[PDB]
Amino acid sequence: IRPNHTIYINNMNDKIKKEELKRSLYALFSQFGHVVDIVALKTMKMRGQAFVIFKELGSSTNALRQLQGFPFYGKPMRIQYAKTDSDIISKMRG
Amino acid sequence: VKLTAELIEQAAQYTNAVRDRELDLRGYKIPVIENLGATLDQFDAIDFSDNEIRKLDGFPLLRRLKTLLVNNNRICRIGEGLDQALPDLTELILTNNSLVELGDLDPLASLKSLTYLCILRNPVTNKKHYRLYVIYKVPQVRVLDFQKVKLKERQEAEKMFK
RNA sequence: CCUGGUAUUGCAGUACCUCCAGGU
């Protein structure tokens, strides 16, 4: 899994309401660069997860290394580079 | 690179990821917050990350401003009349700044709608009882440093400092 | 929506999103 503009986060406390989760995610990750968008759903499949998309790639890498296992709403988050490119990135590139 | 009217007028303006109108004032090396009048109170969020501001002060009356992202600056003091110029301030992100004494965080008690507060990576964080002090002095905060202010902490902060 | 407790470790693009009891 090569470096990516989007990071995949899992192991998140799924009791936080969706709009609050996204707003704290935005706040926390703004320290490394502009976050273009955040995709997070509460379906059974997707609960406890989120995709955070950054304009700059260096920002994504810095975020990944610095916030690995950061306690968020009580649990240590696990971060990884996303498997695919985010739709928004693909549209912004071409 | 003074924060000027001209500067604000050419600044990226957009609808952010949490659906709010945000103004991008990142990386300009701004030292002093000033001339915000020119934004015309049209933003829900203002991003001042990665700048050189020393004091969170100098704001005009801005009724729509609800989110202030102030990451990686040099904030060492908070102005005293903040609620009078920012009545609905609900979220304040101060990560990686220079607040050193618990007493320097006192001016945040006057922000009646302040609900989301982040002060991580500030020296003040390592002071004994930093979390309980914030909870008792700024009870309107519901989420502090991305952790839920819980009842037990409120009570514990009521004993100490009663 | 708020307390407890409880399930789920899952690579996405979203009416909404575990369940159980109590409070509104």
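A note on names: the letters A, B, ... follow the listed sequences, proteins ahead of strands, and every chain is numbered from 1. Worth knowing before you read on, the calculation uses all heavy atoms, side chains too, and leaves out hydrogens, waters and symmetry mates.
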Practice task
Would you mind classifying the nucleic acid contact of A:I7 as base, sugar-phosphate or nothing, using non-hydrogen atoms under 4.0 angstrom?
Solution key: nothing

Exercise for the section: Using the closest heavy atom to pick a nucleotide of RNA chain C for each, name whichever of A:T84 or A:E19 lands nearer the 5' end. Expected result: A:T84

Problem - Atom pair distance, as rounded to whole Å: NZ in A:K15 and P in C:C17 - result: 14 Å

Exercise for the section: Could you measure between the two P atoms, the one in C:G4 and the one in C:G13, and give it in whole Å? Expected result: 33 Å

Fill in the blank from the handout: With syn defined as a glycosidic angle within 90 degrees of 0 and anti as anything else, the base of C:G13 is syn

Practice task
Pick base, sugar-phosphate or nothing for A:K17, based on heavy-atom distances below 4.0 Å to the nucleic acid.
Solution key: sugar-phosphate

Exercise for the section: Specify the closest pair of heavy atoms between A:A82 and A:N4, including all atoms of both residues, with the distance to one decimal. Expected result: O-ND2, 2.9 Å

Exercise for the section: On RNA chain C, check which nucleotide each of A:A40 and A:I1 is closest to and give me the residue with the more 5' one. Expected result: A:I1

Problem - Nearest listed nucleotide, side chain of A:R78, among C:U14, C:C11, C:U9 - result: C:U9

Fill in the blank from the handout: Under the convention that a positive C1'-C2'-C3'-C4' torsion is north and a negative one south, the sugar ring of C:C17 is south

Practice task
Pick base, sugar-phosphate or nothing for A:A50, based on heavy-atom distances below 4.0 Å to the nucleic acid.
Solution key: nothing

Practice task
May I ask you to verify if any side-chain N or O of A:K45 is less than 4.0 angstrom from the OP1 or OP2 atom of C:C11?
Solution key: no

Handout entry: Distance-only donor-acceptor check, side chains B:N122 and B:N97, under 3.5 Å
Key = no

Handout entry: Separation of atom CD1 in A:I88 from atom P in C:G13, rounded to whole Å
Key = 12 Å

Exercise for the section: May I have the distance from A:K42 (atom NZ) to C:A7 (atom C1'), rounded to whole angstrom? Expected result: 13 Å

Exercise for the section: Return the value, rounded to whole Å, for the distance between atom CE of A:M44 and atom P of C:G10. Expected result: 14 Å

Completion exercise
Checking C:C11, C:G13, C:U3 against the side chain of A:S86 (C-beta onward), the nearest is C:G13

Exercise for the section: Select base, sugar-phosphate, or nothing to describe what A:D85 touches, counting heavy atoms under 4.0 Å on all strands. Expected result: base

Practice task
Could you check how far CD1 of A:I9 sits from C1' of C:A12, rounded to whole Å?
Solution key: 12 Å

Practice task
For C:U6 versus C:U18, give the span between their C1' atoms, rounded off to a whole number of Å.
Solution key: 9 Å

Problem - Protein-nucleotide distance (A:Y8, atom OH; C:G13, atom P), rounded to Å - result: 12 Å

Completion exercise
Between CE of A:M12 and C1' of C:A12 the distance, given in whole Å, is 11 Å

Practice task
For C:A7 versus C:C19, give the span between their P atoms, rounded off to a whole number of Å.
Solution key: 15 Å

Handout entry: Nearest-angstrom distance from the residue atom CG of A:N11 to P of C:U9
Key = 11 Å

Exercise for the section: Before giving the answer on salt bridge (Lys or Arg N to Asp or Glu O under 4.0 Å), spell out for B:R21 and B:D44 the whole-Å C-alpha distance, their side-chain angles and the decisive distance to 0.1 Å. Expected result: CA-CA 5 Å; B:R21 291 287 297 176; B:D44 295 301; over 6 Å; no

Problem - Phosphate OP1/OP2 of C:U14 contacted by A:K18 side-chain N/O (<4.0 Å) - result: no

Problem - Phosphate OP1/OP2 of C:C17: any A:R47 side-chain N/O under 4.0 Å - result: no

Exercise for the section: Answer yes or no: is there a side-chain heavy-atom contact under 4.5 Å between A:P76 and A:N11? Expected result: yes

Exercise for the section: Please work out if A:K91 contacts a base, only the sugar-phosphate, or nothing of the nucleic acid, heavy-atom cut-off 4.0 Å. Expected result: nothing

Handout entry: Mutual orientation of the aromatic rings belonging to B:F161 and B:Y133 [parallel < 30°, tilted 30-60°, perpendicular > 60°]
Key = perpendicular

Exercise for the section: Return no unless some side-chain N or O of B:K148 is found under 4.0 Å from OP1 or OP2 of C:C2. Expected result: no

Completion exercise
A:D14 has its side chain closest, among C:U14, C:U8, C:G10, to C:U8

Handout entry: Straight-line distance of B:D47 CG to B:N51 CG, nearest 0.5 Å
Key = 8.5 Å

